[PDB]
Amino acid sequence: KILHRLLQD
Amino acid sequence: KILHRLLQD
Amino acid sequence: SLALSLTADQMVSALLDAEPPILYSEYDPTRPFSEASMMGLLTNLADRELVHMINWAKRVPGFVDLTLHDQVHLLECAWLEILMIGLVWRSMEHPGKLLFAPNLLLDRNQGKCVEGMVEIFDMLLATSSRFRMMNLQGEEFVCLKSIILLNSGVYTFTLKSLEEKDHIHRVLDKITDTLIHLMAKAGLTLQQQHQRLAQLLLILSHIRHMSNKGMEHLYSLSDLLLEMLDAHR
Amino acid sequence: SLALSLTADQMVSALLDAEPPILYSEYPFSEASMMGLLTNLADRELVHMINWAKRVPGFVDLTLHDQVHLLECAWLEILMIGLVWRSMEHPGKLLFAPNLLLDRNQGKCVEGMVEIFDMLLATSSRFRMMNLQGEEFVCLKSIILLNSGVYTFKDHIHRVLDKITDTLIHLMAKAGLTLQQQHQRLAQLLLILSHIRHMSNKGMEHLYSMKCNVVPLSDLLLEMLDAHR
Ligand SMILES: O=S(=O)(Oc1cccc(Br)c1)[C@@H]1C[C@@H]2O[C@H]1C(c1ccc(O)cc1)=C2c1ccc(O)cc1
Ligand SMILES: O=S(=O)(Oc1cccc(Br)c1)[C@@H]1C[C@@H]2O[C@H]1C(c1ccc(O)cc1)=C2c1ccc(O)cc1
């Protein structure tokens, strides 16, 4: 999900 | 209110 | 005002003396079970507990100084939080179980018998475990429970009344002093006392969360519980 | 974890430095426009919150899973304390943004919002009457992040929370408060957190209804919402 992505970026 | 009553006893 | 003149030890004595008894369920272990029955049990128990809670609240230092209106509001806001902290307290010495009553000890598996109760059961168990890990003392417990009563509805309430908010805040500060007093007596260092105080108060946020979630599920009943639930709508 | 080794002053400066910016609203209100503005704003704020969270000492030490869980649990509480913080100097008003300062009247055009607006105003007033300092605010907001989901899963988070407690007391002692005043203020601040939790639960309840159309929420807001549903 989007949160996963935003947390690594 | 029942609650009101009981508080009043 | 007698609450303000109370010493810490007197505060503790008063709170301990005012403790409600532990009620029994109507649980019949010979009988199967079901969403219907279990919820009948828990509803019947809570209803009887509410009666004792109302009379316990009258003995919480400072509570009787409030208007009847305010007393009603506080109990309407805090009743489930208070049932919950009481539940988690008596469940401390029963890892993995919730001691609703001496004759009603449930595990999460049985909490599945009611749709959506299992998630809340897990939170209650986690809270009990947290209390057990922290080795919460009876004296600390009674302070916490009183704090819930006075705090949960204080921001949910005539200008003049504002002195009503203020009296509550003074009593709350007294209970804080009391908690610190207990910890210092227990041999905790200053750093330890502040840390423990914080840990205990942060748990109250989780108790509010659980109550909110339960209330949501509840209003989705006895005459008193109905009136209490409607309060949250 | 690097967090535990930090001094109180280092903790504070780290927190102050991680602070997210104040965002602007888009350039009377209905029900669709109110929701539109707030939803749009909250959405942009979420992106900054996620990057702020990465900079809360200790947060980076958690698995990605635990980070997701904490943020999913706390996001609305975090928006709310931010809102009440910047609304302090505006008694009776909620400063959602510099160009969007509202009172309870506007809260009415959205069913069920006036009640929460009133709770927010009361919280702001409480913070103001208490003279809450920026350094205390950032500690509280960090506490909300680490605490709110801690029991929804742990020793690390608890040690970090202790450090923040140490920092709060450190800020109060430096502000000149007596010992009794230090513990009373600590309790006062932490109890307010229970009210912020209450506001979030109520608001969330509305939000994952009102997802049931009004405005087409973002996939991100939706996923943040769905986590509570
Ligand atoms: O948080 S909940 O599980 O609320 C729910 C209530 C009903 C259905 C569902 Br799902 C959830 C709540 C907490 C505990 O178990 C549920 C419940 C309960 C309370 C009143 C009722 O009339 C029925 C049940 C509990 C309870 C807790 C402590 C008590 O001393 C007594 C009861
Ligand atoms: O607690 S609420 O009022 O939740 C509601 C949201 C929509 C309708 C209703 Br009723 C309630 C909440 C708090 C404040 O106002 C509601 C809201 C909001 C958040 C996300 C959205 O997508 C829409 C609105 C608020 C908000 C608070 C702080 C922000 O920095 C930004 C937004």
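With within 13 Å of ligand 1 (Cβ to nearest atom), of a type outside the set (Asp, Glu), buried (at least 16 other Cβ atoms within 10 Å of the Cβ) and more than 21 Å from residue C:22 (Cα to Cα) as the only criterion, which of C:117, C:84, C:38, C:53 stands out?
Only one candidate passes the filter, namely C:117.
Is it the case, given these coordinates, that residue D:132 is surrounded by fewer than 22 Cβ atoms within 10 Å (Cβ to Cβ) and part of a helix (DSSP H, G or I)?
Answer is no for this residue.
Let's see how each residue does on (1) assigned to a loop (DSSP other than H, G, I, E, B); (2) farther than 24 Å from residue D:136 by Cβ:
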{"residue": "D:4", "(1), (2)": "no, no"}
{"residue": "D:24", "(1), (2)": "yes, yes"}
{"residue": "D:34", "(1), (2)": "no, yes"}
{"residue": "D:39", "(1), (2)": "no, yes"}
{"residue": "D:49", "(1), (2)": "no, no"}
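So how many residues does region C:190-207 have that are within 7 Å of chain D (Cβ to nearest Cβ) and under 11 Å from residue D:197 (Cβ atoms)?
4
Kindly establish whether residue D:205 is among the acidic types (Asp, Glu) and within 16 Å of ligand 1 (Cβ to nearest atom).
Against the criterion (among the acidic types (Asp, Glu) and within 16 Å of ligand 1 (Cβ to nearest atom)), residue D:205 qualifies.
Each row is one residue, and each column tells you yes or no for (1) surrounded by fewer than 19 Cβ atoms within 10 Å (Cβ to Cβ); (2) under 21 Å from residue A:7 (Cα atoms).
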| position | (1), (2) |
| --- | --- |
| D:64 | yes, yes |
| D:72 | no, yes |
| D:75 | no, yes |
| D:88 | no, no |
| D:104 | yes, no |
| D:108 | yes, no |
| D:111 | yes, no |
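Being more than 7 Å from every other protein chain (Cβ to nearest Cβ) and crowded, with 21+ Cβ neighbours inside 10 Å narrows it down to one residue among D:210, D:172; which is it?
D:172
Cβ-Cβ below 6 Å, separation at least six or inter-chain, first residue in region C:78-103 and over 17 Å from residue C:143 (Cβ atoms), second of a type outside the set (A, V, I, L, M) and in a loop (DSSP other than H, G, I, E, B): which pairs?
C:98/C:91; C:99/C:91; C:101/C:24; C:101/C:25; C:103/C:24; C:103/C:25; C:103/C:27
May I ask you to list the residues in region C:153-186 that are outside any helix (DSSP H, G or I) and touching a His at 6+ places or on another chain (Cβ under 8 Å)?
Those that are outside any helix (DSSP H, G or I) and touching a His at 6+ places or on another chain (Cβ under 8 Å): C:153, C:154, C:155, C:156, C:157.
Of the residues that sit in region D:141-164 and are more than 10 Å from chain C (Cβ to nearest Cβ) and surrounded by 21 or more Cβ atoms within 10 Å (Cβ to Cβ), which one is nearest to ligand 2 (Cβ to nearest atom)?
Once the filter is applied, the top-ranked residue is D:141.
Suppose the filter is away from ligand 1 (no atom under 16 Å from the Cβ), of a type in the set (A, V, I, L, M, F, W, C) and more than 28 Å from residue C:133 (Cβ to Cβ); does residue D:137 pass it?
Judged against the criteria, residue D:137 is a match.
Across region C:213-231, which residue is surrounded by the fewest Cβ atoms within 10 Å (Cβ to Cβ) among those that are of a type in the set (A, V, I, L, M, F, W, C) and part of a helix (DSSP H, G or I)?
C:226
In region D:25-35, how many residues are surrounded by fewer than 13 Cβ atoms within 10 Å (Cβ to Cβ) and under 28 Å from residue D:145 (Cβ atoms)?
Number satisfying all stated conditions: 1.
Taking the condition more than 7 Å from chain D (Cβ to nearest Cβ) and within 16 Å of ligand 2 (Cβ to nearest atom), does residue C:233 pass?
yes
Out of D:46, D:37, report the one residue that is within 15 Å of ligand 2 (Cβ to nearest atom) and under 15 Å from the mean Cα position of the chain (by Cα).
D:46
Provide a single number: the residues in region D:73-110 that are out of contact with any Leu (no Cβ under 7 Å at 6 or more places or on another chain), in a helix (DSSP H, G or I) and more than 9 Å from ligand 2 (Cβ to nearest atom).
Qualifying residue count for the region: 6.
Of (1) within 13 Å of another protein chain (Cβ to nearest Cβ); (2) small (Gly, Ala, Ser); (3) within 20 Å of residue D:151 (Cβ to Cβ), residue C:57 satisfies all except one. Which?
The number of the failed condition is (3).
Within region C:188-202, count every residue that is crowded, with 21+ Cβ neighbours inside 10 Å and under 20 Å from the mean Cα position of the chain (by Cα).
Here the count works out to 6.
Could you check residue C:224 against (1) more than 20 Å from residue D:158 (Cα to Cα); (2) of a type in the set (A, V, I, L, M); (3) more than 7 Å from every other protein chain (Cβ to nearest Cβ) and say which number it fails?
(3)
A quick note on method: Cβ atoms are made from the backbone with ideal geometry, for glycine too, and the neighbour counts reach across all protein chains shown. The numbers here are math on the coordinates, done by the rules we state, and not lab data.
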